[PDB]
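Summary of the model geometry
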Amino acid sequence: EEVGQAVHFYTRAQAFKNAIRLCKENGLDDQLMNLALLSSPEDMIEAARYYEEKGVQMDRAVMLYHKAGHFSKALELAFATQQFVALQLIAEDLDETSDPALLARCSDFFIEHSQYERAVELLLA
Amino acid sequence: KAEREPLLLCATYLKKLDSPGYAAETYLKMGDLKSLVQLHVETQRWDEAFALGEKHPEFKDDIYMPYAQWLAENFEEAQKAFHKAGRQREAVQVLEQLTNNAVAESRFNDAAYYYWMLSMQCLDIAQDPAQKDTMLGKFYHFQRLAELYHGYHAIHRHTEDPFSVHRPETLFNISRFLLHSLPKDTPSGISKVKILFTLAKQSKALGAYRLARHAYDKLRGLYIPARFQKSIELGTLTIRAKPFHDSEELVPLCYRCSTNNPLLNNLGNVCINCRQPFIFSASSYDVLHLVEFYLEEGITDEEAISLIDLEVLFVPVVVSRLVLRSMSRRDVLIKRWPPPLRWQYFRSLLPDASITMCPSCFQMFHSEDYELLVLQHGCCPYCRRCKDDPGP
């Protein structure tokens, strides 16, 4: 049960999944974030769900869903939490391979905030 | 173009000055494709030789036979070269000779690896419609042999070494798995006597005393080597003093139907009730809480993955679109076999007990054991591939 040393040696072993599991069970939210950002997109999504289930750090959930590439759930959380800066960063990564409905919702948001040039680029995409 | 002696002297100096592209342009101006191919083979420009061999099939043998022989003198590279030559039957024959030699040399782990490679070659050959059914039969045969030799290697090491690296339960499970999996015709180099001796010894140590008596009674029907005889007799006299019961903790539960199954079943590798095949950890040979399932007709494998990834906030198990949507990606494992085989889907019934699959050989493990074995050996213990390879 020596958590801090176990996390250190799991991180050195590059075994991020075990370090994430252990951080979740003990509430080590800051180490969980750094470990998630080093790990696979699936481990980022799982750490994002842990931060959703707590509710305290909903920016870390948006950032991990964004860096995992799940733009739909990242945008939905970013709308629900009113995090304008995170929406702008997510929108900058939306290309023509992204869903037309998400691009339309983002364009309506940029129309409401007077950013017409970005709203046009998303409408074209 | 009339000045052949000066032009050939320029071509030969361009060759001597390691400038084969301009020597080649000069030979091409003179029309000499035979000197061009020799120039590429001698300057070892294999990519340009292969490009000429694709444009002119008559030179393939002249490029690839020297290459395959050089790779064999420096057998794995020889096999890749026989494969690239299109001569799949000779590639299989060379690997079959090497497997037989590995078995004769008691290198059962190398034999297992080569039988897995033979299986993958048979799967690649089975892409031709004219040989599909026969080569699929050989694929299952060689896959089964690879698993038999991978299990038997641990037992052989235990019997020949004065100590065990492996846990008693691992050797018990491997011995049971082998006895369930062995045909009436024992494959070359595998010993039933060694497997039954390890089963009897480990069954005694674990408190399975009816199974230990059964193993000694089966040993009495076999020719016993003189080195084991004293130990087997002493073991037979010792087991008579023990109770006539087996430990309940050893009994294999079927996770599908929750039936407790006998420690040895005459139906090979299946539950006695539901006939579900047991799936075993390729490290420990414990039964894995996995159940194999099948997609409903009209769902593609790409569609099934997309439904499993979109998480909303014998009789086969067949799964519909709405059940695939309710399933977590953590609980489902997918074997992505090459083409004339469909993808195989498996559900973990105990999400807390993390299972991992090798992305290359599709063998299944406890995640902590696989992580440990990969970190120890730098590669998958079954297919010897590093973690850098996500491909089948």
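Residues numbered from 1 in each chain as written, not as in the entry; some residues may be left out. Chains lettered and ligands numbered in written order. Part of a larger assembly, values for the part shown. Heavy atoms only, no water.

For this deposition, the record names cryo-EM as the technique by which the model was determined and cites 8 Å as its resolution.

Within chain B one finds 16 helices and 6 strands. For 392 residues, the compact-globule formula gives about 21 Å, and the C-alpha radius of gyration of chain B, at 28 Å, lies well above that figure. The buried share among the 392 residues of chain B stands at 43%. When the accessible surface of chain B is summed, it comes to about 23,200 Å², and 51% of that surface belongs to carbon and sulfur atoms. Of the charged side chains in chain B, 46 are positive and 48 negative, and the gap between their average positions amounts to 6 Å. (Helix = DSSP H or I, 4+ residues; strand = E, 2+ residues; numbered from the N terminus. Rg over C-alpha atoms; globule rule 2.2 N^0.38 Å. Buried < 20%, exposed > 50% of the residue type's maximum accessible area, 1.4 Å probe, protein only. Areas by Shrake-Rupley, 256 points an atom, 1.4 Å probe, with all protein chains shown as cover. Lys, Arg positive; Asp, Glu negative; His and termini not counted. Charge placed at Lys NZ, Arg CZ, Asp CG, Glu CD.)

Each helix and strand in chain A was counted, giving 9 helices and 0 strands. When the helices and strands of chain A are read in sequence order from the N terminus, they spell out α-α-α-α-α-α-α-α-α. Over its C-alpha atoms, taken along the principal directions, chain A stretches across nearly 55 × 25 × 15 Å. When burial is assessed residue by residue, chain A has 40% of its 125 residues classed as buried. Carbon together with sulfur atoms contributes 50% to the accessible area of chain A, which is approximately 7,600 Å² in total. If you average the places of the 11 positive and of the 21 negative side-chain charges in chain A, the two averages end up 7 Å apart.

On the chain B side, the residues contacting the 6 residues of chain A number 6 residues. For the pair chain A and chain B, the interface holds 2 salt bridges. For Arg 21 of chain A, the salt bridge goes to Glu 368 of chain B, with nearest N and O atoms at 2.9 Å. If you look at where chain A meets chain B, you find 3 residue pairs in polar contact. Mapped by element, the contributors of at least two residues to the side of chain A that touches chain B are α2 (16–26) and α4 (41–54) of chain A. Grouping the amino acids of the side of chain A that touches chain B by side-chain chemistry returns 1 nonpolar, 1 polar and 4 charged. (Contact = heavy atoms within 4.5 Å. Salt bridge = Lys/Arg side-chain N within 4 Å of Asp/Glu carboxyl O. Polar contact = N/O pair within 3.5 Å; in protein donor to acceptor, adjacent residues only side chain to side chain. Nonpolar A, V, L, I, M, F, W, Y, C, P; charged D, E, K, R; others polar.)

Tallied over the full model, the rule gives 15 salt bridges over all chains. Measuring nitrogen to oxygen at the nearest pair gives 2.8 Å for the salt bridge that ties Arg 49 of chain A to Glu 311 of chain B. Of this pair, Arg 49 of chain A sits in helix α4 while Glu 311 of chain B is found in the loop between α14 (301–309) and β2 (317–319), placing the two residues in two different chains. For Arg 49 of chain A, a relative accessible area of 31% gives the class partly exposed. The class for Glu 311 of chain B is partly exposed, based on a relative accessible area of 29%. A salt bridge links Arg 384 of chain B to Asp 110 of chain B; the nearest nitrogen and oxygen atoms lie 2.8 Å apart.

Moving on, we get to the packing of aromatic side chains. All names here are of chain B. What the rule picks out here adds up to 23 aromatic pairs over all chains. Measuring from centroid to centroid gives 5.4 Å for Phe 197 and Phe 228, while their planes differ by 45°, and the two rings are tilted. Here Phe 228 lies in helix α13 (residues 226–239) and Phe 197 lies in helix α11 (residues 192–206), a separation of 31 residues in the sequence. The two residues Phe 197 and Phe 228 agree in class, both being buried. A connected cluster of aromatic rings, assembled from ring pairs, spans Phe 108, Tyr 115, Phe 142, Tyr 149 and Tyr 152. Above the face of the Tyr 113 ring, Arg 384 is positioned so that its terminal group lies 5.1 Å from the ring centre. (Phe/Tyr/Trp six-rings, centres within 6.5 Å; stacked < 30°, edge-to-face > 60°. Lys NZ or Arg CZ within 6 Å of the ring centre and 35° of its normal.)

The next point concerns the packing of α2 of chain A against α4 of chain A. Residues and elements named next belong to chain A. Contact geometry for α2 and α4: axes closest at 11 Å, N-to-C directions at 5°. Taken together, the axes of α2 and α4 are roughly parallel relative to one another. Here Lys 17, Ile 20, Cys 23 and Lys 24 of α2 come into contact with α4, specifically with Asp 43, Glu 46 and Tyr 50. Within the contact of α2 with α4, the residues separate by chemical class into 3 nonpolar, no polar and 4 charged. (Axes fitted to C-alpha atoms, helices over the stretch in contact; angles between N-to-C directions. Parallel < 35°, antiparallel > 145°, perpendicular 65-115°, else oblique.)

Looking now at the side chain of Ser 360 of chain B. All names here are of chain B. Relative to the helices and strands, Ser 360 resides in the loop between β5 (355–357) and β6 (364–366). With relative accessibility at 2%, the residue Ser 360 sits in the buried group. Within the structure, the side chain of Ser 360 is placed 2.7 Å from the backbone oxygen of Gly 391, a separation counted as a polar contact.

Attention now goes to the environment of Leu 102 of chain A. Residue and element names in this part refer to chain A. If you trace the backbone, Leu 102 turns up in helix α8 (residues 100–112). C-alpha of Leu 102 to C-alpha of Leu 122: the two residues are 20 residues apart in sequence and 9.3 Å apart in space. The contacts of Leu 102, once residues within four sequence positions are left out, are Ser 72 and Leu 75.

With that settled, consider the packing of α2 of chain A against helix α3 (residues 29–38) of chain A. Residues and elements named next belong to chain A. With their axes 9 Å apart at the nearest point, α2 and α3 run at an angle of 155° to one another. Between α2 and α3, the angle is such that the two are roughly antiparallel. The hand of the α2/α3 crossing is left-handed. On the side of α2, the interface is formed by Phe 16, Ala 19, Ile 20, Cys 23 and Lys 24, while α3 contributes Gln 31, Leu 32, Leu 35, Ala 36 and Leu 38. Its residues assigned to classes, the contact of α2 with α3 comprises 8 nonpolar, 1 polar and 1 charged. (Left-handed = near helix turned anticlockwise from the far one by under 90°.)

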